[PDB]
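**Student:** This is the structure, below, for whatever I ask next.
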Amino acid sequence: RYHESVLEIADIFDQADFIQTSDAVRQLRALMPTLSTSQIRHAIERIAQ
Amino acid sequence: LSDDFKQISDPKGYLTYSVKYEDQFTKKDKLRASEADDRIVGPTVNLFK
Amino acid sequence: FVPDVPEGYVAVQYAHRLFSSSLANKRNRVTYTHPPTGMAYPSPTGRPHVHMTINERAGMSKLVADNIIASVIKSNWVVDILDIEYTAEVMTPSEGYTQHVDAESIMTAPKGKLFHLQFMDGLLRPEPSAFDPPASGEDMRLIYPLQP
Amino acid sequence: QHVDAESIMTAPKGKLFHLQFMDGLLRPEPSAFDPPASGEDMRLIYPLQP
Amino acid sequence: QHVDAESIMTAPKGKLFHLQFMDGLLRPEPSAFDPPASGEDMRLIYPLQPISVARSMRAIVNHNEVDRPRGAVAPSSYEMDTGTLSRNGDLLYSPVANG
Amino acid sequence: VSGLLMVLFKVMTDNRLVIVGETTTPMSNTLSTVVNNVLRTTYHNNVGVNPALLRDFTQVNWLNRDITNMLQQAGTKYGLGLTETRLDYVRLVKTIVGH
Amino acid sequence: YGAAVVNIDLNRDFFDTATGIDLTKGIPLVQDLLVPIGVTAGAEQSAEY
């Protein structure tokens, strides 16, 4: 029985001076096709480009 | 010192598959799967027509 | 607008296990078996109200798949290809269509390729005349978008 | 032949077209192994009497 | 070929002749009507021991009637078991429920 | 027999050190999942034949049914490409990859 | 008076091709960002997006 949920971290810590961004990222990385280390060297090398 | 080992990229085995097609069927159409998977499945299927 | 599926239709999860290749009246009709109750139905026409769900779509033979599409036509089989990722367009009636996806391609496209489709705007079409020569044969439409 | 239905449907009330049935009984049973083909072949006009 | 029995029968005790069997299984079933022919075709020399050992996969075609064509091998769960690679370097088959 | 030791003497002095050749890395979301569970990151851009790389991927229904099934066993589990890496301490790059 | 469908694009005016994101289709669609190292893109791929 699950409602697998994101629980945006901030709704756990009271001193939100570290907490940042949001559940919005899991949404996004969920899409990225899992990359390899060699793969990222490339994604980064080409962004910087 | 003791130069005993020679570097290679795609090694072969002392064993392999040898098929004999009943040229009656088969089509010779060298089956065309996807592209990404043509490469992974690629040969096995071509061999096993 | 996604045409919902009637009462009859059954849910069948597509798989390679179903479509064997058997003999029936000479010819090797590519029979479909229908899980619920084994009953190979060679000829496309007359299968039995199946709702086809495709998840795979990467191991179809350029014909078993076509036959299934073929059966879609005559049998109102509803096949849902759940793995495609295309991009719509919803482009006005006045200049309707162009990039023509044909049924053969929807079926054999590599898992990557995200092809552009283009649905009709329909609403802004002006009433046909009151003297327009009646149209005889209906228009047939096949592709639908599974989500809004 | 192939009486095109255009006309079998609408041609003078006289015209005597020579449609022609097949006599499949001496038809060859496709090789027990070979892979299938995929268009059913049909006929849209049947004689109404023996 | 056709090892002529002349010799299969009497040739040096060494000679390594390459006789050759047929693999009828993908043979075409004569048209259900056509008239018969009339010479039975036979073979007068049979291997004395189970041959075909390299045959690990047989008859890759699909009969239409009966799922499994009459006697067809289909690769054993080894010609694809790719286990791990022992720490010592001796590649060893995937475990079997904790063995 | 002379050919048997020969094949054998050959194995005797057949020392080669493989060195990961041209290896691609399928884009992941572009391979039927049957292939994916099977795959593992990179994989040699020169795979050879292997009955398994053709499950739910070949006409012949029987054989396919069994293979797709054969893999279902608790034991046997096919694999392919970059399975385990250890990488030098000191200069943290990657040494020998187990493919 | 007579515009049919109105869309809220992302606008190339700001996301000009000068950064890649070649819009046109509703999808942003960058380019050779995270490719499958060792081959050659894949004309109109899905991850381009």
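Chain labels follow the order of the structure tokens: the first chain is A, the next B, and so on; residue numbering restarts at 1 in every chain, and ligands are counted from 1 in their shown order.
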Please build the interface table for chain G against chain B with a cut-off of 12 Å, listing for each qualifying residue the nearest atom pair and the distance in Å to one decimal; count only C-alpha atoms, order rows by chain and increasing number, and write it as a Markdown table.

**Tutor:**
| residue | atom | partner | partner_atom | distance |
| --- | --- | --- | --- | --- |
| G:36 | CA | B:36 | CA | 9.9 |
| G:38 | CA | B:36 | CA | 11.8 |
| G:39 | CA | B:36 | CA | 9.6 |
| G:40 | CA | B:36 | CA | 10.6 |
| G:41 | CA | B:36 | CA | 10.5 |
| G:42 | CA | B:36 | CA | 9.0 |
| G:43 | CA | B:35 | CA | 11.5 |
| G:45 | CA | B:36 | CA | 11.5 |

**Student:** Please produce a file of those selected residues containing C-alpha atoms, as a compact mmCIF listing (two decimals), in the first residue's frame.

**Tutor:**
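Ended up saving to again_6.txt:
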# COMPACT_ATOMS: atom_id res chain seq x y z
CA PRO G 36 25.67 7.96 -26.45
CA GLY G 38 30.96 6.03 -29.14
CA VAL G 39 28.38 6.34 -31.90
CA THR G 40 26.57 9.22 -33.66
CA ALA G 41 23.62 10.99 -32.02
CA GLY G 42 20.49 9.59 -33.66
CA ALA G 43 18.65 12.07 -35.91
CA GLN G 45 16.36 11.64 -30.75

**Student:** Using 9 Å as the limit and counting only C-alpha atoms, can you tabulate each residue of chain B that touches chain F, with its shortest atom-to-atom distance in Å and the two atoms involved, as JSON lines?

**Tutor:**
{"residue": "B:4", "atom": "CA", "partner": "F:15", "partner_atom": "CA", "distance": 7.0}
{"residue": "B:5", "atom": "CA", "partner": "F:16", "partner_atom": "CA", "distance": 4.8}
{"residue": "B:6", "atom": "CA", "partner": "F:16", "partner_atom": "CA", "distance": 4.7}
{"residue": "B:7", "atom": "CA", "partner": "F:17", "partner_atom": "CA", "distance": 4.9}
{"residue": "B:8", "atom": "CA", "partner": "F:18", "partner_atom": "CA", "distance": 5.1}
{"residue": "B:9", "atom": "CA", "partner": "F:21", "partner_atom": "CA", "distance": 4.3}
{"residue": "B:10", "atom": "CA", "partner": "F:21", "partner_atom": "CA", "distance": 6.3}
{"residue": "B:11", "atom": "CA", "partner": "F:18", "partner_atom": "CA", "distance": 6.9}
{"residue": "B:14", "atom": "CA", "partner": "F:11", "partner_atom": "CA", "distance": 8.5}
{"residue": "B:16", "atom": "CA", "partner": "F:49", "partner_atom": "CA", "distance": 8.3}
{"residue": "B:17", "atom": "CA", "partner": "F:49", "partner_atom": "CA", "distance": 7.5}
{"residue": "B:33", "atom": "CA", "partner": "F:57", "partner_atom": "CA", "distance": 8.8}
{"residue": "B:34", "atom": "CA", "partner": "F:31", "partner_atom": "CA", "distance": 8.5}
{"residue": "B:36", "atom": "CA", "partner": "F:31", "partner_atom": "CA", "distance": 6.4}
{"residue": "B:37", "atom": "CA", "partner": "F:31", "partner_atom": "CA", "distance": 5.9}
{"residue": "B:39", "atom": "CA", "partner": "F:45", "partner_atom": "CA", "distance": 8.1}
{"residue": "B:40", "atom": "CA", "partner": "F:47", "partner_atom": "CA", "distance": 7.0}
{"residue": "B:41", "atom": "CA", "partner": "F:53", "partner_atom": "CA", "distance": 5.4}
{"residue": "B:42", "atom": "CA", "partner": "F:47", "partner_atom": "CA", "distance": 8.2}
{"residue": "B:43", "atom": "CA", "partner": "F:49", "partner_atom": "CA", "distance": 5.6}
{"residue": "B:44", "atom": "CA", "partner": "F:49", "partner_atom": "CA", "distance": 4.1}
{"residue": "B:45", "atom": "CA", "partner": "F:54", "partner_atom": "CA", "distance": 6.4}
{"residue": "B:46", "atom": "CA", "partner": "F:49", "partner_atom": "CA", "distance": 8.8}
{"residue": "B:47", "atom": "CA", "partner": "F:49", "partner_atom": "CA", "distance": 7.2}
{"residue": "B:48", "atom": "CA", "partner": "F:51", "partner_atom": "CA", "distance": 8.5}
{"residue": "B:49", "atom": "CA", "partner": "F:58", "partner_atom": "CA", "distance": 8.8}

**Student:** Produce a file of the selected residues containing N, CA, C and O atoms, as a compact mmCIF listing (two decimals), in the first residue's frame.

**Tutor:**
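Output file again14.txt is given in full below:
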# COMPACT_ATOMS: atom_id res chain seq x y z
N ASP B 4 56.24 -10.66 -22.51
CA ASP B 4 55.39 -11.80 -22.81
C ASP B 4 53.94 -11.49 -22.47
O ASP B 4 53.49 -11.75 -21.35
N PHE B 5 53.25 -10.97 -23.47
CA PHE B 5 51.86 -10.58 -23.45
C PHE B 5 51.74 -9.63 -24.62
O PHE B 5 52.53 -8.70 -24.75
N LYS B 6 50.75 -9.84 -25.47
CA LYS B 6 50.57 -8.95 -26.61
C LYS B 6 49.16 -8.40 -26.51
O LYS B 6 48.18 -9.14 -26.45
N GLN B 7 49.10 -7.08 -26.49
CA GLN B 7 47.87 -6.32 -26.39
C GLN B 7 46.94 -6.48 -27.59
O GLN B 7 47.38 -6.51 -28.74
N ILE B 8 45.65 -6.58 -27.31
CA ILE B 8 44.63 -6.74 -28.34
C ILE B 8 43.32 -6.10 -27.85
O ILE B 8 43.12 -5.95 -26.65
N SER B 9 42.44 -5.72 -28.78
CA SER B 9 41.18 -5.10 -28.38
C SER B 9 39.97 -6.05 -28.30
O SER B 9 39.38 -6.20 -27.23
N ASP B 10 39.61 -6.70 -29.41
CA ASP B 10 38.48 -7.63 -29.40
C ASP B 10 39.04 -9.05 -29.56
O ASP B 10 39.32 -9.50 -30.67
N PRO B 11 39.18 -9.78 -28.45
CA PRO B 11 39.71 -11.14 -28.40
C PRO B 11 38.78 -12.20 -28.95
O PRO B 11 37.57 -12.07 -28.81
N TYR B 14 38.59 -19.89 -28.45
CA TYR B 14 38.98 -21.08 -29.15
C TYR B 14 37.69 -21.84 -29.45
O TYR B 14 37.70 -23.05 -29.57
N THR B 16 33.39 -21.25 -31.19
CA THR B 16 32.44 -20.33 -31.80
C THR B 16 31.24 -21.08 -32.33
O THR B 16 31.22 -22.31 -32.34
N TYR B 17 30.25 -20.35 -32.81
CA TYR B 17 29.07 -20.99 -33.35
C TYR B 17 29.13 -21.13 -34.86
O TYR B 17 29.55 -20.22 -35.57
N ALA B 33 16.45 -4.94 -37.43
CA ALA B 33 15.80 -4.58 -36.18
C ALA B 33 15.99 -3.07 -35.99
O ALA B 33 16.15 -2.35 -36.97
N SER B 34 15.98 -2.58 -34.75
CA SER B 34 16.16 -1.15 -34.50
C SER B 34 17.57 -0.76 -34.94
O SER B 34 18.18 -1.46 -35.75
N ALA B 36 19.85 1.03 -32.44
CA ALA B 36 20.50 0.95 -31.15
C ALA B 36 20.64 -0.56 -30.83
O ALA B 36 21.74 -1.14 -30.51
N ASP B 37 19.53 -1.24 -30.95
CA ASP B 37 19.56 -2.65 -30.68
C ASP B 37 20.01 -3.43 -31.85
O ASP B 37 20.30 -4.60 -31.73
N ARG B 39 22.61 -2.92 -33.09
CA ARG B 39 23.94 -3.24 -32.57
C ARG B 39 23.95 -4.15 -31.40
O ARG B 39 24.75 -5.09 -31.40
N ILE B 40 23.13 -3.95 -30.39
CA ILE B 40 23.37 -4.99 -29.39
C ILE B 40 22.99 -6.40 -29.80
O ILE B 40 23.78 -7.33 -29.63
N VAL B 41 21.78 -6.56 -30.32
CA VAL B 41 21.33 -7.88 -30.73
C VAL B 41 22.15 -8.14 -31.93
O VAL B 41 22.76 -9.19 -32.11
N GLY B 42 22.15 -7.11 -32.75
CA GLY B 42 22.93 -7.16 -33.99
C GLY B 42 23.25 -8.51 -34.59
O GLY B 42 22.37 -9.10 -35.20
N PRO B 43 24.48 -9.04 -34.44
CA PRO B 43 24.94 -10.33 -34.96
C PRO B 43 24.17 -11.60 -34.54
O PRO B 43 23.91 -12.45 -35.38
N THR B 44 23.89 -11.78 -33.27
CA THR B 44 23.24 -13.03 -32.92
C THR B 44 22.07 -13.37 -33.77
O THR B 44 21.91 -14.50 -34.21
N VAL B 45 21.25 -12.38 -34.02
CA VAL B 45 20.10 -12.58 -34.83
C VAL B 45 20.42 -12.80 -36.30
O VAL B 45 19.79 -13.63 -36.97
N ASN B 46 21.40 -12.06 -36.81
CA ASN B 46 21.78 -12.19 -38.21
C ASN B 46 22.26 -13.62 -38.40
O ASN B 46 21.92 -14.27 -39.38
N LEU B 47 23.04 -14.10 -37.44
CA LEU B 47 23.55 -15.46 -37.50
C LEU B 47 22.42 -16.48 -37.41
O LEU B 47 22.37 -17.44 -38.18
N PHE B 48 21.50 -16.26 -36.47
CA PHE B 48 20.36 -17.16 -36.29
C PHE B 48 19.19 -16.69 -37.13
O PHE B 48 18.18 -16.23 -36.61
N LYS B 49 19.34 -16.82 -38.45
CA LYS B 49 18.30 -16.40 -39.37
C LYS B 49 17.15 -17.37 -39.29
O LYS B 49 17.32 -18.53 -38.90

**Student:** What residues in chain D have any atom no more than 7 Å from chain C when counting only C-alpha atoms, and can you write them as a PyMOL selection string?

**Tutor:** chain D and resi 29-30+36-38+40

**Student:** Could those residues be written to a file, using N, CA, C and O atoms, as a short mmCIF file (atom, residue, chain, number, x, y, z; two decimals), in the first residue's frame?

**Tutor:**
data_model
loop_
_atom_site.label_atom_id
_atom_site.label_comp_id
_atom_site.auth_asym_id
_atom_site.auth_seq_id
_atom_site.Cartn_x
_atom_site.Cartn_y
_atom_site.Cartn_z
N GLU D 29 -0.99 -26.73 -50.66
CA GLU D 29 -0.91 -26.40 -49.22
C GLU D 29 0.50 -25.88 -48.88
O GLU D 29 1.45 -26.65 -48.82
N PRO D 30 0.62 -24.56 -48.61
CA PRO D 30 1.87 -23.87 -48.28
C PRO D 30 2.79 -24.69 -47.40
O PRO D 30 2.37 -25.25 -46.40
N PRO D 36 4.64 -16.99 -42.88
CA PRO D 36 3.37 -16.47 -43.39
C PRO D 36 3.50 -15.23 -44.24
O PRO D 36 4.55 -14.60 -44.29
N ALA D 37 2.41 -14.90 -44.92
CA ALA D 37 2.34 -13.70 -45.75
C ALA D 37 1.26 -12.89 -45.05
O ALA D 37 0.75 -13.30 -44.02
N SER D 38 0.82 -11.69 -45.47
CA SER D 38 -0.25 -11.01 -44.61
C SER D 38 -1.51 -10.15 -45.07
O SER D 38 -1.93 -9.20 -44.42
N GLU D 40 -5.36 -10.86 -46.39
CA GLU D 40 -6.31 -11.91 -46.59
C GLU D 40 -6.80 -11.41 -47.93
O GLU D 40 -6.81 -10.21 -48.21
#

**Student:** Should the cut-off be 10 Å, what would the residue list for chain E against chain B look like, counting only C-alpha atoms, as a list in words?

**Tutor:** residues 23, 25, 26, 27, 28, 54, 55, 56, 57, 58, 59, 60 and 61 of chain E

**Student:** Using N, CA and C atoms, can you write the selected residues to a file as a short mmCIF file (atom, residue, chain, number, x, y, z; two decimals), in the first residue's frame?

**Tutor:**
data_model
loop_
_atom_site.label_atom_id
_atom_site.label_comp_id
_atom_site.auth_asym_id
_atom_site.auth_seq_id
_atom_site.Cartn_x
_atom_site.Cartn_y
_atom_site.Cartn_z
N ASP E 23 20.58 -34.14 -42.87
CA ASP E 23 19.86 -33.69 -41.67
C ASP E 23 18.41 -33.37 -41.98
N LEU E 25 14.88 -32.65 -41.62
CA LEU E 25 13.99 -32.20 -40.57
C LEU E 25 13.34 -30.94 -41.11
N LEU E 26 14.06 -30.33 -42.04
CA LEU E 26 13.63 -29.13 -42.72
C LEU E 26 13.36 -29.58 -44.14
N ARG E 27 12.95 -30.84 -44.28
CA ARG E 27 12.67 -31.38 -45.59
C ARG E 27 11.25 -30.99 -45.95
N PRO E 28 11.00 -30.69 -47.24
CA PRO E 28 9.68 -30.29 -47.75
C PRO E 28 8.73 -31.47 -47.94
N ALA E 54 28.41 -31.35 -31.48
CA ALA E 54 28.58 -29.93 -31.59
C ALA E 54 27.20 -29.30 -31.81
N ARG E 55 26.23 -30.11 -32.22
CA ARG E 55 24.88 -29.62 -32.46
C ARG E 55 24.23 -29.24 -31.14
N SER E 56 24.25 -27.97 -30.83
CA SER E 56 23.67 -27.56 -29.57
C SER E 56 22.34 -26.86 -29.75
N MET E 57 22.05 -26.49 -30.99
CA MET E 57 20.81 -25.81 -31.32
C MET E 57 20.33 -26.51 -32.59
N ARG E 58 19.10 -27.03 -32.66
CA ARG E 58 18.68 -27.69 -33.91
C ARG E 58 17.32 -27.22 -34.42
N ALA E 59 17.22 -27.03 -35.73
CA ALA E 59 15.98 -26.60 -36.37
C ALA E 59 15.44 -25.28 -35.88
N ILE E 60 15.95 -24.20 -36.43
CA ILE E 60 15.45 -22.89 -36.06
C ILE E 60 14.44 -22.47 -37.11
N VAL E 61 13.23 -22.97 -36.95
CA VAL E 61 12.11 -22.65 -37.83
C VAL E 61 10.94 -23.00 -36.94
#

**Student:** Excluding residue 45 (chain D) and any residue of its chain fewer than 5 positions from it, enumerate the residues within 12 Å of it, using only C-alpha atoms, and give them as number ranges by chain.

**Tutor:** D: 2-5, 8-9, 19-21

**Student:** Could you produce a table of the residues of chain C lying within 12 Å of chain F, with the nearest pair of atoms per residue and their separation in Å rounded to one decimal, using only C-alpha atoms, ordered by chain and increasing residue number, as JSON lines?

**Tutor:**
{"residue": "C:14", "atom": "CA", "partner": "F:56", "partner_atom": "CA", "distance": 11.8}
{"residue": "C:15", "atom": "CA", "partner": "F:56", "partner_atom": "CA", "distance": 8.4}
{"residue": "C:16", "atom": "CA", "partner": "F:56", "partner_atom": "CA", "distance": 6.5}
{"residue": "C:17", "atom": "CA", "partner": "F:65", "partner_atom": "CA", "distance": 7.1}
{"residue": "C:18", "atom": "CA", "partner": "F:61", "partner_atom": "CA", "distance": 9.3}
{"residue": "C:19", "atom": "CA", "partner": "F:61", "partner_atom": "CA", "distance": 8.8}
{"residue": "C:20", "atom": "CA", "partner": "F:61", "partner_atom": "CA", "distance": 6.9}
{"residue": "C:21", "atom": "CA", "partner": "F:61", "partner_atom": "CA", "distance": 8.7}
{"residue": "C:22", "atom": "CA", "partner": "F:61", "partner_atom": "CA", "distance": 11.4}
{"residue": "C:30", "atom": "CA", "partner": "F:59", "partner_atom": "CA", "distance": 11.7}
{"residue": "C:55", "atom": "CA", "partner": "F:32", "partner_atom": "CA", "distance": 9.5}
{"residue": "C:56", "atom": "CA", "partner": "F:32", "partner_atom": "CA", "distance": 6.7}
{"residue": "C:57", "atom": "CA", "partner": "F:32", "partner_atom": "CA", "distance": 8.1}
{"residue": "C:58", "atom": "CA", "partner": "F:32", "partner_atom": "CA", "distance": 5.8}
{"residue": "C:59", "atom": "CA", "partner": "F:57", "partner_atom": "CA", "distance": 4.8}
{"residue": "C:60", "atom": "CA", "partner": "F:57", "partner_atom": "CA", "distance": 7.8}
{"residue": "C:61", "atom": "CA", "partner": "F:59", "partner_atom": "CA", "distance": 7.1}
{"residue": "C:62", "atom": "CA", "partner": "F:59", "partner_atom": "CA", "distance": 10.6}
{"residue": "C:63", "atom": "CA", "partner": "F:59", "partner_atom": "CA", "distance": 10.6}
{"residue": "C:64", "atom": "CA", "partner": "F:59", "partner_atom": "CA", "distance": 9.4}
{"residue": "C:65", "atom": "CA", "partner": "F:59", "partner_atom": "CA", "distance": 11.8}
{"residue": "C:83", "atom": "CA", "partner": "F:32", "partner_atom": "CA", "distance": 10.0}
{"residue": "C:84", "atom": "CA", "partner": "F:30", "partner_atom": "CA", "distance": 10.6}
{"residue": "C:85", "atom": "CA", "partner": "F:29", "partner_atom": "CA", "distance": 11.0}
{"residue": "C:109", "atom": "CA", "partner": "F:30", "partner_atom": "CA", "distance": 10.9}
{"residue": "C:110", "atom": "CA", "partner": "F:30", "partner_atom": "CA", "distance": 7.3}
{"residue": "C:111", "atom": "CA", "partner": "F:30", "partner_atom": "CA", "distance": 4.8}
{"residue": "C:112", "atom": "CA", "partner": "F:30", "partner_atom": "CA", "distance": 5.0}
{"residue": "C:113", "atom": "CA", "partner": "F:30", "partner_atom": "CA", "distance": 8.7}
{"residue": "C:114", "atom": "CA", "partner": "F:30", "partner_atom": "CA", "distance": 10.8}

**Student:** Include N, CA and C atoms and write out the residues we just selected as a compact mmCIF listing (two decimals), in the first residue's frame.

**Tutor:**
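Everything below was put into result-v4.txt:
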# COMPACT_ATOMS: atom_id res chain seq x y z
N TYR C 14 -0.06 -7.01 -24.62
CA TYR C 14 0.55 -7.63 -25.78
C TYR C 14 1.81 -8.35 -25.38
N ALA C 15 2.22 -9.34 -26.17
CA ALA C 15 3.45 -10.11 -25.92
C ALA C 15 3.71 -10.99 -27.12
N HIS C 16 4.92 -11.55 -27.24
CA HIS C 16 5.23 -12.41 -28.38
C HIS C 16 4.53 -13.74 -28.31
N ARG C 17 4.23 -14.17 -27.10
CA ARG C 17 3.59 -15.44 -26.88
C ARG C 17 2.28 -15.68 -27.64
N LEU C 18 1.50 -14.63 -27.90
CA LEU C 18 0.20 -14.75 -28.58
C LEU C 18 0.16 -15.11 -30.04
N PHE C 19 0.71 -14.24 -30.86
CA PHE C 19 0.69 -14.44 -32.29
C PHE C 19 1.54 -15.55 -32.86
N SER C 20 1.04 -16.78 -32.87
CA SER C 20 1.82 -17.85 -33.47
C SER C 20 1.63 -17.72 -34.98
N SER C 21 2.08 -18.71 -35.73
CA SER C 21 1.92 -18.72 -37.17
C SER C 21 1.40 -20.10 -37.44
N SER C 22 0.12 -20.23 -37.76
CA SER C 22 -0.42 -21.55 -38.02
C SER C 22 -1.02 -21.63 -39.40
N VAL C 30 -1.42 -15.83 -39.75
CA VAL C 30 -0.71 -15.52 -38.50
C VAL C 30 -1.72 -15.44 -37.36
N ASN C 55 3.69 -2.59 -25.07
CA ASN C 55 4.56 -1.88 -24.11
C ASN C 55 5.91 -2.00 -24.77
N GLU C 56 6.13 -3.20 -25.31
CA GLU C 56 7.35 -3.61 -26.03
C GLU C 56 7.49 -2.80 -27.32
N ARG C 57 6.98 -3.37 -28.41
CA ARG C 57 7.03 -2.72 -29.71
C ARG C 57 8.41 -2.76 -30.34
N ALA C 58 9.35 -3.44 -29.68
CA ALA C 58 10.71 -3.53 -30.19
C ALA C 58 11.07 -4.90 -30.75
N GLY C 59 10.14 -5.84 -30.68
CA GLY C 59 10.42 -7.16 -31.20
C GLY C 59 9.37 -7.63 -32.20
N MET C 60 8.67 -6.69 -32.84
CA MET C 60 7.62 -7.05 -33.80
C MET C 60 8.25 -7.38 -35.12
N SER C 61 7.65 -8.32 -35.85
CA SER C 61 8.15 -8.66 -37.18
C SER C 61 7.34 -7.71 -38.05
N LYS C 62 7.96 -7.14 -39.07
CA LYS C 62 7.26 -6.20 -39.93
C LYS C 62 5.90 -6.68 -40.42
N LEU C 63 5.46 -7.86 -39.97
CA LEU C 63 4.18 -8.39 -40.41
C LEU C 63 3.20 -8.81 -39.32
N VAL C 64 3.71 -9.40 -38.25
CA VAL C 64 2.81 -9.82 -37.18
C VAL C 64 2.17 -8.52 -36.71
N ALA C 65 3.01 -7.51 -36.56
CA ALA C 65 2.60 -6.19 -36.11
C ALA C 65 1.62 -5.52 -37.06
N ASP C 83 4.51 2.96 -25.70
CA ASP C 83 5.90 3.43 -25.64
C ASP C 83 6.39 4.15 -26.89
N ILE C 84 6.03 5.42 -27.03
CA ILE C 84 6.40 6.14 -28.24
C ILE C 84 7.00 7.56 -28.13
N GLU C 85 6.50 8.39 -27.22
CA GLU C 85 7.05 9.75 -27.04
C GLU C 85 7.22 10.54 -28.31
N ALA C 109 9.16 2.31 -35.61
CA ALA C 109 10.17 3.34 -35.28
C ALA C 109 11.19 3.08 -34.10
N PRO C 110 12.52 3.34 -34.25
CA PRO C 110 13.41 3.09 -33.11
C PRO C 110 12.91 3.75 -31.83
N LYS C 111 13.16 3.12 -30.68
CA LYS C 111 12.71 3.63 -29.38
C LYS C 111 13.05 5.09 -29.10
N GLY C 112 14.12 5.58 -29.73
CA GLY C 112 14.53 6.96 -29.54
C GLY C 112 13.66 7.92 -30.33
N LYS C 113 13.98 8.08 -31.61
CA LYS C 113 13.24 8.97 -32.50
C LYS C 113 11.96 9.42 -31.86
N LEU C 114 11.83 10.71 -31.69
CA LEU C 114 10.62 11.26 -31.14
C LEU C 114 10.07 11.98 -32.35

**Student:** Within 9 Å of chain A, which residues of chain G show up when using only C-alpha atoms, listed as a VMD selection string?

**Tutor:** chain G and resid 32 to 37 47

**Student:** Identify all chain G residues at most 10 Å from chain C by counting only C-alpha atoms; ligands do not count. Present them as an mmCIF file with N, CA, C and O atoms, in the first residue's frame.

**Tutor:**
data_model
loop_
_atom_site.group_PDB
_atom_site.id
_atom_site.type_symbol
_atom_site.label_atom_id
_atom_site.label_comp_id
_atom_site.auth_asym_id
_atom_site.auth_seq_id
_atom_site.Cartn_x
_atom_site.Cartn_y
_atom_site.Cartn_z
ATOM 1 N N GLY G 2 -10.263 35.846 -35.200
ATOM 2 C CA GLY G 2 -10.202 34.679 -36.055
ATOM 3 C C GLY G 2 -8.944 33.878 -35.865
ATOM 4 O O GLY G 2 -8.560 33.125 -36.747
ATOM 5 N N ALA G 3 -8.316 34.041 -34.706
ATOM 6 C CA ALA G 3 -7.104 33.312 -34.378
ATOM 7 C C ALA G 3 -7.707 32.073 -33.739
ATOM 8 O O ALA G 3 -8.602 32.180 -32.901
ATOM 9 N N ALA G 4 -7.234 30.870 -34.108
ATOM 10 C CA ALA G 4 -7.778 29.596 -33.550
ATOM 11 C C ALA G 4 -7.289 28.999 -32.238
ATOM 12 O O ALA G 4 -8.076 28.848 -31.305
ATOM 13 N N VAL G 5 -6.002 28.653 -32.190
ATOM 14 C CA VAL G 5 -5.377 28.065 -31.007
ATOM 15 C C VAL G 5 -4.324 29.045 -30.692
ATOM 16 O O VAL G 5 -3.667 29.577 -31.570
ATOM 17 N N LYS G 25 9.611 23.327 -32.614
ATOM 18 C CA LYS G 25 8.625 22.391 -32.070
ATOM 19 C C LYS G 25 8.429 22.823 -30.614
ATOM 20 O O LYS G 25 9.352 23.358 -30.007
ATOM 21 N N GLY G 26 7.247 22.592 -30.048
ATOM 22 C CA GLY G 26 7.001 22.998 -28.665
ATOM 23 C C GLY G 26 8.085 22.586 -27.678
ATOM 24 O O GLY G 26 8.296 23.200 -26.627
ATOM 25 N N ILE G 27 8.774 21.517 -28.036
ATOM 26 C CA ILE G 27 9.850 20.956 -27.249
ATOM 27 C C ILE G 27 11.118 21.815 -27.368
ATOM 28 O O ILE G 27 11.434 22.315 -28.443
ATOM 29 N N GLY G 42 21.685 10.349 -33.322
ATOM 30 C CA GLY G 42 20.492 9.593 -33.658
ATOM 31 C C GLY G 42 19.406 10.555 -34.113
ATOM 32 O O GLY G 42 18.436 10.795 -33.390
ATOM 33 N N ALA G 43 19.584 11.106 -35.314
ATOM 34 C CA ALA G 43 18.654 12.068 -35.913
ATOM 35 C C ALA G 43 17.285 12.185 -35.227
ATOM 36 O O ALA G 43 16.471 11.259 -35.252
ATOM 37 N N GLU G 44 17.051 13.346 -34.619
ATOM 38 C CA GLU G 44 15.812 13.641 -33.913
ATOM 39 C C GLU G 44 15.564 12.646 -32.792
ATOM 40 O O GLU G 44 14.543 11.973 -32.775
ATOM 41 N N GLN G 45 16.499 12.565 -31.854
ATOM 42 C CA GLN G 45 16.365 11.640 -30.752
ATOM 43 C C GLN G 45 15.399 12.173 -29.711
ATOM 44 O O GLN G 45 15.000 13.323 -29.770
ATOM 45 N N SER G 46 15.024 11.320 -28.770
ATOM 46 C CA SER G 46 14.119 11.699 -27.695
ATOM 47 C C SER G 46 14.764 12.485 -26.508
ATOM 48 O O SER G 46 14.152 13.400 -25.958
ATOM 49 N N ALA G 47 15.995 12.111 -26.137
ATOM 50 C CA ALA G 47 16.767 12.705 -25.070
ATOM 51 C C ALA G 47 17.320 14.053 -25.497
ATOM 52 O O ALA G 47 17.872 14.793 -24.683
ATOM 53 N N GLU G 48 17.172 14.373 -26.778
ATOM 54 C CA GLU G 48 17.667 15.643 -27.258
ATOM 55 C C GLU G 48 16.865 16.555 -26.348
ATOM 56 O O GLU G 48 17.391 17.511 -25.779
ATOM 57 N N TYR G 49 15.579 16.239 -26.212
ATOM 58 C CA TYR G 49 14.671 17.003 -25.357
ATOM 59 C C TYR G 49 14.853 16.904 -23.860
ATOM 60 O O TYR G 49 14.703 17.916 -23.174
#

**Student:** Please, which residues of chain D lie no more than 7 Å from chain E when the count uses only C-alpha atoms, and can they be set out as a PDB file with C-alpha atoms, in the first residue's frame?

**Tutor:**
ATOM      1  CA  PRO D  28      -1.166 -26.236 -53.046  1.00  0.00           C
ATOM      2  CA  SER D  31       5.087 -25.501 -47.102  1.00  0.00           C
ATOM      3  CA  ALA D  32       4.630 -26.634 -43.499  1.00  0.00           C
ATOM      4  CA  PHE D  33       7.495 -24.385 -42.359  1.00  0.00           C
TER       5      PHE D  33
END
